[PDB]
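Residue numbers (UniProt numbering), protein chains in the order written: chain A, 25 to 556; chain B, 25 to 556. Reading through the structure tokens given below for one structure.
There are 2 protein chains.
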Amino acid sequence: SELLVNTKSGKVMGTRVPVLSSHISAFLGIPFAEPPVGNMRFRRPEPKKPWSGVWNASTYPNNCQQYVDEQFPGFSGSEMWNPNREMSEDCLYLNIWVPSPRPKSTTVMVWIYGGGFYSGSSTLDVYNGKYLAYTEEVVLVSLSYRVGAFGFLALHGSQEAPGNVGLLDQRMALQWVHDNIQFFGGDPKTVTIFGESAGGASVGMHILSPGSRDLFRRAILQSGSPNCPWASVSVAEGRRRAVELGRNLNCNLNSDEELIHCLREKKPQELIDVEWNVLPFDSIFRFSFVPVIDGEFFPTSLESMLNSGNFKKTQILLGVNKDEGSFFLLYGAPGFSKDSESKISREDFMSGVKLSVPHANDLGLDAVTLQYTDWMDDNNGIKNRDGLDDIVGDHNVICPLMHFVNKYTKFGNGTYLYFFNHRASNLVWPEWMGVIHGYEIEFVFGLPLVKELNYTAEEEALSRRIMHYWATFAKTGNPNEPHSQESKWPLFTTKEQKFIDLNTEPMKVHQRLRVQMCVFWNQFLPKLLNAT
Amino acid sequence: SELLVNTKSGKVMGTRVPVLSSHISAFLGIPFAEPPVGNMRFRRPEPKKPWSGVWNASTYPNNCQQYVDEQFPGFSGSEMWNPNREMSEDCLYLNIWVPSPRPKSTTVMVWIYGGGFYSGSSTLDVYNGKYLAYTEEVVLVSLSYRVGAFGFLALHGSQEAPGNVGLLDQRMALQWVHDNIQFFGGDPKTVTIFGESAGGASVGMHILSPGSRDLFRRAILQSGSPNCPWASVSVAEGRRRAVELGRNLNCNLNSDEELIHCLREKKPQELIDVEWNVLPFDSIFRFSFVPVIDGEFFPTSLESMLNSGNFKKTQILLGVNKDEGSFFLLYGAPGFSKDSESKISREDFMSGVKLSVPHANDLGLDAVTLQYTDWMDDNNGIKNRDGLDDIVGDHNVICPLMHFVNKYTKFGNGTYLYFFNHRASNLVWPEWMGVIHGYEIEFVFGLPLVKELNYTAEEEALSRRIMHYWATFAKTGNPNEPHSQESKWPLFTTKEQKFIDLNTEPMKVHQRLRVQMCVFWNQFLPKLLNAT
Ligand SMILES: COc1c(C(=O)CCC2CCN(Cc3ccccc3)CC2)cc(Cl)c2[nH]ccc12
Ligand SMILES: COc1c(C(=O)CCC2CCN(Cc3ccccc3)CC2)cc(Cl)c2[nH]ccc12
Ligand SMILES: *[C@@H]1O[C@H](CO)[C@@H](O)[C@H](O)[C@H]1NC(C)=O
Ligand SMILES: *[C@@H]1O[C@H](CO)[C@@H](O)[C@H](O)[C@H]1NC(C)=O
Ligand SMILES: *[C@@H]1O[C@H](CO)[C@@H](O)[C@H](O)[C@H]1NC(C)=O
Ligand SMILES: *[C@@H]1O[C@H](CO)[C@@H](O)[C@H](O)[C@H]1NC(C)=O
Numbered sequence: 025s026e027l028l029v030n031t032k033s034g035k036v037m038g039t040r041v042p043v044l045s046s047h048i049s050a051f052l053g054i055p056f057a058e059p060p061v062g063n064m065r066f067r068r069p070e071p072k073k074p075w076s077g078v079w080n081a082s083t084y085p086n087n088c089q090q091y092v093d094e095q096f097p098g099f100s101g102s103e104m105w106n107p108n109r110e111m112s113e114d115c116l117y118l119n120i121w122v123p124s125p126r127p128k129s130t131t132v133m134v135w136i137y138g139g140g141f142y143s144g145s146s147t148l149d150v151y152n153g154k155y156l157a158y159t160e161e162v163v164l165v166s167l168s169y170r171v172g173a174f175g176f177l178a179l180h181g182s183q184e185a186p187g188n189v190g191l192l193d194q195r196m197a198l199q200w201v202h203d204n205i206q207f208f209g210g211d212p213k214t215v216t217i218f219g220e221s222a223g224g225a226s227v228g229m230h231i232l233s234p235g236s237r238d239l240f241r242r243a244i245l246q247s248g249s250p251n252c253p254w255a256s257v258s259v260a261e262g263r264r265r266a267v268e269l270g271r272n273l274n275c276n277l278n279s280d281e282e283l284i285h286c287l288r289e290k291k292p293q294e295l296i297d298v299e300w301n302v303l304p305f306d307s308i309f310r311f312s313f314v315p316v317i318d319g320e321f322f323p324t325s326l327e328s329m330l331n332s333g334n335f336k337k338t339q340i341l342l343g344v345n346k347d348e349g350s351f352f353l354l355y356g357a358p359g360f361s362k363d364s365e366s367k368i369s370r371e372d373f374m375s376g377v378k379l380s381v382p383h384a385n386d387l388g389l390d391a392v393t394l395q396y397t398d399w400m401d402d403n404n405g406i407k408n409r410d411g412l413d414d415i416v417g418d419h420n421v422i423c424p425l426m427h428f429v430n431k432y433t434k435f436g437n438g439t440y441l442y443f444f445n446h447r448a449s450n451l452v453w454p455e456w457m458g459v460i461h462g463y464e465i466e467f468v469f470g471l472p473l474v475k476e477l478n479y480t481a482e483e484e485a486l487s488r489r490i491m492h493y494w495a496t497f498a499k500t501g502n503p504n505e506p507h508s509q510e511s512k513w514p515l516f517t518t519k520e521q522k523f524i525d526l527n528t529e530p531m532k533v534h535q536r537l538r539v540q541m542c543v544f545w546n547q548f549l550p551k552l553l554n555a556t
Numbered sequence: 025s026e027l028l029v030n031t032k033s034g035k036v037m038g039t040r041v042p043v044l045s046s047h048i049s050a051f052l053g054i055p056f057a058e059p060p061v062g063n064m065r066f067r068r069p070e071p072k073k074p075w076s077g078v079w080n081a082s083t084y085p086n087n088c089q090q091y092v093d094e095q096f097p098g099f100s101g102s103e104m105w106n107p108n109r110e111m112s113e114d115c116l117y118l119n120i121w122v123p124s125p126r127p128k129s130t131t132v133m134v135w136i137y138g139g140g141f142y143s144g145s146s147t148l149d150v151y152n153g154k155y156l157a158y159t160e161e162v163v164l165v166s167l168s169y170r171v172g173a174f175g176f177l178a179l180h181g182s183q184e185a186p187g188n189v190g191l192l193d194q195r196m197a198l199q200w201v202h203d204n205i206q207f208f209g210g211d212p213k214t215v216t217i218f219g220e221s222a223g224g225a226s227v228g229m230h231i232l233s234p235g236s237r238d239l240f241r242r243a244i245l246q247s248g249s250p251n252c253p254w255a256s257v258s259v260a261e262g263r264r265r266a267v268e269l270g271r272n273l274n275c276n277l278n279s280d281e282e283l284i285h286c287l288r289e290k291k292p293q294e295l296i297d298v299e300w301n302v303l304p305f306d307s308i309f310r311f312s313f314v315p316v317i318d319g320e321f322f323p324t325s326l327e328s329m330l331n332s333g334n335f336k337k338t339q340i341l342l343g344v345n346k347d348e349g350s351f352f353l354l355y356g357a358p359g360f361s362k363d364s365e366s367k368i369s370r371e372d373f374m375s376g377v378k379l380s381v382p383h384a385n386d387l388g389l390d391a392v393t394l395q396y397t398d399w400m401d402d403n404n405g406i407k408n409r410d411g412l413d414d415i416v417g418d419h420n421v422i423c424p425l426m427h428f429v430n431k432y433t434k435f436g437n438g439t440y441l442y443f444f445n446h447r448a449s450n451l452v453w454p455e456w457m458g459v460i461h462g463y464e465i466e467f468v469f470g471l472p473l474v475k476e477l478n479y480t481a482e483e484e485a486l487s488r489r490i491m492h493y494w495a496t497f498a499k500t501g502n503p504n505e506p507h508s509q510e511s512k513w514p515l516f517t518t519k520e521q522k523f524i525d526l527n528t529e530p531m532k533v534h535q536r537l538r539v540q541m542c543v544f545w546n547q548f549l550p551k552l553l554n555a556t
């Protein structure tokens with residue numbers, strides 16, 4: 025029937041879900057790998073072995089084992105990001121929304137969640153695929169992957185804990201879509217991968233990785249790129265943190281095998297409790313277990329690959345939010361509070377930039393401070409707050425992304441760049457936090473289309489316009505409908521470097537997104553640190 | 025007799041000069057030292073031996089030997105600064121303007137000319153003392169001093185060419201005023217020294233040097249300060265340049281005595297012809313022979329003296345012009361012309377910063393370039409022109425002075441700071457050059473009171489305001505007359521750092537003169553250049 029689909033691995037039975045006074049098909053919790061448990065902890069994923077009978081794909085899967093945020097208990101602004109299903113190492117599943125009736129060979133979009141590579145679930149309310157799948161008539165997949173040590177513990181040289189297995193989980197899920205999505209009405213030749221933060225970085229890493237390039241058509245990157253400073257580590261640093269993880273848990277450290285055997289004996293939560301203890305610095309926007317530049321998933325350094333054009337050549341559509349940094353200041357920097365304006369003293373500012381740029385020498389910290397301090401007014405608590413906000417955002421998200429876009433556009437076949445700066449009317453976070461990291465996601469998934477969610481009429485229109493941009497781009501490689509009286513989102517080009525605002529107001533075109541600060545972050549600071 | 029005066033060195037006869045429909049006494053070209061000729065070239069000055077009979081002090085003396093600017097033959101804009109008298113090494117004279125009838129014991133101001141320590145004359149039209157002396161009823165002295173190699177050849181250790189002898193010439197003229205000025209109606213206890221550019225640096229150097237402090241009461245510094253990057257050199261560098269001077273003249277370089285003897289045998293013009301060839305780099309706003317940090321005239325480093333409060337504690341009044349840099353770009357940097365808007369290409373902007381900051385390494389050049397470039401609009405010839413203008417002025421004049429004023433005020437007895445930003449109605453230079461280095465001088469000396477010079481009525485008013493500020497400061501240590509009705513020029517204080525604009529409009533008070541850039545020039549850049 026329509027809800028019963030035979031895949032190369034066995035039969036699965038979906039369920040009929042409502043969506044905005046209508047219905048579509050949903051196949052939830054489809055297994056794409058063998059449970060990476062016991063002796064398979066830290067190991068590359070193995071394809072799911074075929075099953076007899078009918079897989080009950082009627083409900084969401086378990087979430088992967090991860091740090092859970094208990095900073096603000098009962099608070100929806102933080103808890104909406106926490107696992108809303110049981111956590112288990114048995115977590116390699118994907119979800120699929122198929123429009124009803126089932127289309128023939130339609131555009132496919134595959135969502136990859138963010139969460140700093142240490143967290144994230146495919147099952148969050150804001151990742152509910154039904155609205156975008158319905159509205160834009162696309163087949164929408166959300167995958168999952170191992171996070172934290174389970175996904176990114178790297179002991180380079182070992183085949184038992186090689187590193188990057190979380191990215192390989194993602195690849196295996198893509199490979200699965202390639203092989204089976206036709207049976208769901210999806211065109212395997214027109215798959216768009218897209219994701220936010222760590223998910224956006226992930227999408228770009230698959231653009232770079234030879235082993236992933238043939239498993240998708242184009243890419244959307246939201247608030248993340250593969251070259252972000254928090255997104256990868258060297259094999260040496262991966263190993264250092266892996267060894268230090270052992271030390272924290274009183275493991276044998278004589279050899280990888282002994283270290284790994286010991287770590288495989290520990291309950292999941294034991295690992296998580298000490299996860300953050302392996303970071304080299306007091307820091308914000310830094311995460312312990314992340315992709316390693318290993319010479320295998322990544323042939324060489326990310327920079328040289330971008331320089332030599334060694335990467336998938338296709339259309340990309342990508343962008344950032346206005347205040348990427350504020351979330352992370354809230355959690356790790358002095359003077360910030362969810363419940364106040366968070367006017368920042370001069371002392372707390374100094375402390376902040378040190379946390380934000382953990383790896384800089386004193387000269388580097390002075391350079392950053394100078395660049396973001398108004399010396400006619402240096403005791404302005406507000407300017408100090410917003411400056412720290414800009415620093416965290418520019419350095420971790422916006423300028424790394426701009427570096428990527430400029431390198432990619434030299435070789436790619438089309439670039440569309442956006443700047444999302446709408447502040448949602450129903451936000452539960454304080455005003456000072458602005459347009460927060462992650463909060464364009466609810467618009468991309470069409471949450472504003474839901475009456476009871478109490479968005480404004482113009483917010484619903486924005487969501488629809490954004491969904492159409494995303495879906496239309498996925499279908500054709502161009503967010504603009506070829507017809508259309510409506511205004512046009514211009515190509516980003518090496519010379520003119522155009523981008524658009526995304527907000528409730530009529531579209532404006534600008535050029536050179538934060539070029540001043542990004543010259544500092546991308547050219548001058550790196551040269552300063554290397555010289556001193 | 026009003027014009028006949030007996031000094032400690034001998035009798036002197038002045039001339040009666042008209043001034044603005046009245047008259048005053050002038051004593052022109054009084055000798056204060058032995059001619060620094062023959063075997064006394066490069067030597068410390070010696071007091072003028074007493075003479076018999078009456079010195080005719082009715083005409084200006086010769087100007088010291090110096091480079092003559094022939095860039096723009098016939099052009100008053102550059103020629104007003106060249107020697108208007110025959111040049112001679114026999115040039116250590118001073119001039120005095122005395123109110124008629126002779127004051128009993130009135131305020132004295134002593135003018136020290138600028139000219140980068142390589143040029144200058146006491147006899148320039150724009151230094152004519154009669155207008156200020158007459159209008160404000162002060163005894164005005166203008167001294168002279170050896171410039172270029174003749175004044176500042178430094179071979180530390182040698183007693184034949186010790187260095188700083190031009191500063192000692194200044195001191196000797198000050199000592200003369202101390203000893204003789206009472207005979208002219210002046211109070212040797214209320215002497216203000218004032219000077220512009222090199223003259224302003226000089227003044228600050230007398231504030232610092234123990235040997236000078238007791239020879240004056242207060243100080244005015246215009247567009248120059250002792251700590252300017254062009255205003256001094258180390259004994260090592262001063263030696264290198266002295267030795268390089270000999271090499272450029274085929275001199276015996278084996279010893280100081282031989283080198284010196286060779287150099288004493290050359291015509292003045294031979295020295296001058298090769299003067300510029302000893303500079304370390306291609307540069308603008310750099311001069312070959314300047315004060316040395318010797319351990320004698322300056323006991324220790326200028327910075328350590330400023331830090332320890334090792335200097336004269338008195339009142340100062342100092343300031344800068346809006347476009348200090350423009351004169352120097354015109355002469356040395358590519359793309360600048362007296363007869364065009366001088367829109368500067370990006371390539372010429374790069375060339376300009378390198379010329380402007382010749383000691384910086386590549387990291388430093390990048391820093392400067394970043395700090396003065398609008399990267400949304402880097403090919404704007406205007407912003408590039410003005411940017412380079414600001415670079416030269418901030419680095420060479422404004423920020424050195426701001427460092428001095430901040431350091432000094434922590435110990436001094438009163439600081440008044442100004443920002444001169446009036447472009448004169450009858451300027452012969454192009455508009456792009458703005459408010460030029462040196463062009464507040466004609467206001468301080470009251471030229472706009474001369475109706476034939478065709479200044480506006482409001483420019484005459486401005487001049488009168490400025491002359492009254494300078495003179496009232498000279499008399500009392502405060503440019504303001506309390507009990508008066510006019511706007512008050514506030515003290516510069518460590519906390520509030522207030523300063524005023526000098527122009528034709530109602531007074532405005534501002535705070536933190538160019539803080540942002542001067543933090544860069546005074547704190548950040550030196551830290552960057554010191555690391556490797
Ligand atoms: C600075 O490093 C940290 C963090 C963070 O990284 C920030 C916390 C929030 C970062 C955004 N999350 C929401 C989100 C999720 C997926 C995509 C987009 C947004 C929620 C938590 C947290 C904790 Cl608990 C830390 N403990 C020590 C150090 C540290
Ligand atoms: C011919 O001069 C130079 C320079 C200069 O720095 C010239 C700029 C001055 C030109 C006339 N001055 C007028 C003035 C005098 C007293 C107070 C205020 C303003 C001041 C700026 C540099 C180099 Cl590298 C040169 N090489 C040969 C020759 C020459
Ligand atoms: C699938 O699971 C849900 C509950 O987990 C159950 O209600 C439903 O009946 C199951 N489907 C089948 C075919 O057993
Ligand atoms: C994409 O490729 C086609 C064919 O190679 C080319 O004609 C087109 O100009 C390219 N588009 C962009 C935006 O680079
Ligand atoms: C002094 O010099 C002036 C100017 O040359 C001259 O006119 C005057 O006669 C001279 N005075 C005496 C007493 O020689
Ligand atoms: C200057 O010094 C005098 C003498 O002690 C003192 O009374 C006065 O307060 C000082 N003024 C300033 C502005 O420092």
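Using N, Cα and C, we set each Cβ at its ideal position, and we do this for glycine too.
Nearest-angstrom Cα separation, counted from residue j out to residue i
i	j	result
B/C542	A/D398	12 Å
A/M133	A/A391	42 Å
B/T83	B/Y355	33 Å
Distance cut-off 8 Å: residue i Cβ against heavy atoms of ligand 4
i	result
A/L515	yes
A/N437	yes
Selected residue, minimal CA-CA separation from residue i, among the options
i	options	result
A/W121	A/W79, A/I48, A/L326	A/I48
B/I296	B/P97, B/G319, B/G270, B/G62	B/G270
B/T159	B/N504, B/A485, B/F523	B/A485
Contact test: residue i Cβ vs ligand 6 heavy atom, cutoff 8 Å
i	result
B/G190	no
Any non-hydrogen atom of ligand 2 closer than 8 Å to residue i Cβ
i	result
B/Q95	yes
residue 560 of chain B	Outside the displayed span of chain B (25 to 556) sits residue 560 of chain B, for which this structure offers no information.
B/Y169	no
Residue i Cβ short of 8 Å to ligand 5 heavy atom set
i	result
B/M196	no
Reduced DSSP secondary structure (H/G/I, E/B, other) of residue i
i	result
A/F467	helix
B/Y137	coil
B/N403	coil
Proximity test, residue i beta-carbon vs ligand 3 heavy atom, cut-off 8 Å
i	result
A/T528	no
A/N80	yes
Jot down the residue ranges of each uninterrupted beta strand (DSSP E) in the stretch 424-483 of chain B, minimum 3 residues, whole runs only, in chain order.
439-444
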